[PDB]
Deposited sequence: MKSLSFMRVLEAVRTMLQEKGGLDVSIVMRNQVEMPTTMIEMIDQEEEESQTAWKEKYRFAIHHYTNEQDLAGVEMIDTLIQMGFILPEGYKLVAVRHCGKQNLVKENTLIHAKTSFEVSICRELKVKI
């Protein structure tokens, strides 16, 4: 079977939290007022091989190159998946933004991951 996107979201959140000590939410929200990091799942395509695309949203009061890049690097190093599923590649793909929304610096980083399952 193919892993639910939500399972993938959870694995990234757990990695960010356990490996980076970061507090990341897996639910996308439109209106944001205080600093926060959310993961936004975008789409999925089965190519035993699959691609998931999601973006990391990092809101901060000031430009946070260090934090954004910690996250970027953490994700690129990988994350554990449930038995039978293996992360095979991580790459940047799609929209990368840095914009001022409300009073906050909003950084959006888009990833594509390739995941293999047992056949």
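- Within the chain's deposited sequence, the coordinate-free stretches run 1, 49-53, 126-129 in sequence order.
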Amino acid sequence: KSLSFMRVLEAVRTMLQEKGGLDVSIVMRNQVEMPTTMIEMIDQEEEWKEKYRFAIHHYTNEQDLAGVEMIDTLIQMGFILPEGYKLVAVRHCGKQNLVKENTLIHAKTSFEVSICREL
From here on, numbers count along this sequence of modelled residues.
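- For the pair 86-94 and 67-75, the mean Cα B-factor is higher in 67-75.
- On average the C-alpha atoms of 23-31 have higher B-factors than those of the other stretch, with 51-59 and 23-31 being the two compared.
- Ranked against the other modelled residues of its chain, the C-alpha B-factor of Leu119 as given in the entry falls in the highest third.
- The deposited CA B-factor of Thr109 belongs to the lowest third of values across its chain.
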